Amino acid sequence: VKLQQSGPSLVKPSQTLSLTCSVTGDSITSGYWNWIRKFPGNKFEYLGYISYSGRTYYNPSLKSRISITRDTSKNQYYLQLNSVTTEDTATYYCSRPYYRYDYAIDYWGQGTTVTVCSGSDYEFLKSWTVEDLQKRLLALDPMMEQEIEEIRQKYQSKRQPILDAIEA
C-alpha cells in the first residue's frame, strides 16, 4: 500500500489549494481515506475523509472551505481548500485509517509542504524598472546559497564529534 502525493508547493492568498493522493496498493472504494495537515508548530489537524461509498466528513474548523473529491477509476482522491490564507501553511498528508486497527492510521503519503505567500509588494515594486526587477530576482540566488551553506556547515560541525568517536 503506497499513497503518493502530488501538487503545487506554493499558493497565493484567497486562492485554492489542490492536492492529489494516488493510492496504489488498495482501492479507494474500500474503507476510508483521509487528509491531515501538520502545522509548523508540530500540531496535527484532521481535515476530513472520503468514504468507500463516497460520503465525506469535513472538520467544522475549516468551515466550508474544504471539499474532498474522489476519482474511483484512477484510484485517486483530491483535497481542495478555498480562500487559502497564511494560516493554511502546513504539510498536508493523505493517509489510510484501517478498520482492523479500529481506524489507526497505518499508511501515510510522503506529505506536501505548502506555503502561502502574501506577496503584498505592489507599493514597493512599482518604483522598479523591469530590468531592476530582474536584477532583484537574481539577487536572491547568492542570498539563499549563503543560508544553505550555513546549514551545511552547521552539520559539518554537528557530525564532527561522531566521526572522531568512530575513528577511536
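Don't overthink the numbering: it's just position in the shown sequence, from 1.
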item	value
117 to 125 or 53 to 61, whichever carries the higher mean Cα B-factor	117 to 125
Stretch with the greater mean C-alpha B-factor as recorded in the entry, comparing 127 to 135 against 103 to 111	127 to 135
Chain third (lowest, middle, highest) by recorded CA B-factor, residue given as residue 140	middle
Third of chain Cα B-factors occupied by residue 18	lowest
Record-listed C-alpha B factor of residue 161: chain third	lowest
Chain-wide C-alpha B factor ranking for residue 76, given as lowest, middle or highest third	middle
Among modelled residues of the same chain, the CA temperature factor third for residue 47	lowest
